[PDB]
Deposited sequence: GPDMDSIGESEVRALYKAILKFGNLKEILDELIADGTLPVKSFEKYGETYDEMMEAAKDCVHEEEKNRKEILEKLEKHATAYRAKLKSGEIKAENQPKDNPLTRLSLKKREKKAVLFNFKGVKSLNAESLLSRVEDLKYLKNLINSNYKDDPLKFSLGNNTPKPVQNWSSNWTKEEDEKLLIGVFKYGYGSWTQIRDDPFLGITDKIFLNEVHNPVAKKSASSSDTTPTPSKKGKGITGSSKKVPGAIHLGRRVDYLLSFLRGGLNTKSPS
């Protein structure tokens, strides 16, 4: 009757990518069919368990990348030594060599996934970074403009402008966008566009246009990592 299965998990995970830490507002979510009806406490324990599992997954993948880079580094060293000593000619080189290998691995980014309670391919990175980002944003707008989130501003921070977007997109639009993420959650691009108080209806697009959903996500992540440092 109260146990947890897979539907409640998927719904939760999605809700976490949407609102980060949501234990504050579980009720409201249950109260609008966002989450299946279950107890506040049990959802709390499931959330804690999920974030725990994400922490552990990221940890294990970090260990893995570490060891792989150790080995690749060793190979790089032993290769340099041979180039200098002259046992390898520099111009008769294959394009696949310990150097290019160590480099590509150095700069490789890839999904960090895990399974949880019979739900498959959850993104630990997305979960953690989303909780942090949305916490930083909530605290950022509440500590200053609580009685009117719309008056939020970046101050004298000037984030680098957008590249070849189809709408005249300025700092103002960044502010409004962030306010919208604070209001409806990460991903709710339709509600953000349609809110007339934000007044950015004719600057979002869901010859293909720009910016769409993905582009909004990138812009939000960049804006927040920028405002931090």
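Exercise. Missing C-alpha stretches, by deposited numbering?
Worked result: Counting from residue 1, the stretches without coordinates are 1-3, 210-240, 264-271.
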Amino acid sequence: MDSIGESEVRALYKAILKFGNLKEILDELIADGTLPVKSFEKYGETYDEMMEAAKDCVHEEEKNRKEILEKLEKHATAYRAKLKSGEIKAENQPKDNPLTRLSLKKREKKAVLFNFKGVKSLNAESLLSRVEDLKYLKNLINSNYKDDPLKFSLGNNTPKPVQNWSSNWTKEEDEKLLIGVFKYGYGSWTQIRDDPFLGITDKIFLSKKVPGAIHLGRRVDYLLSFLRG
From here on, numbers count along this sequence of modelled residues.
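For this session: Tell me which of 23-31 and 182-190 has the higher mean C-alpha B-factor in the deposited entry.
Result: Per the PDB record, 23-31.
Exercise. Looking only at CA atoms, which has the higher mean B factor in the entry: 103-111 or 154-162?
Worked result: The stretch with the larger mean CA B-factor is 154-162.
For this session: Divide the modelled residues of the chain into thirds by Cα B-factor and specify which third, lowest, middle or highest, holds residue 120.
Result: Middle third - that is where residue 120 ends up once the chain's C-alpha B-factors are sorted.
For this session: Could you look up the Cα B-factor of residue 42 in the entry and say which third of the chain it sits in: lowest, middle or highest?
Result: Its C-alpha B-factor, which the entry lists for residue 42, ranks in the highest third among residues of this chain.
Problem set entry | B-factor third for the C-alpha atom of residue 10 within its chain | For residue 10, whose C-alpha B-factor we compare with every modelled residue in the chain, the answer is the middle third.
Exercise. In terms of the CA temperature factor given in the entry, to which third of its chain does residue 73 belong: lowest, middle or highest?
Worked result: Lowest third, going by the recorded CA B-factors of the chain.
For this session: Classify residue 215 as lowest, middle or highest third according to the C-alpha B-factor given in the PDB entry, relative to its own chain.
Result: Within its chain, residue 215 is a lowest-third residue by C-alpha B-factor, going by the deposited values.
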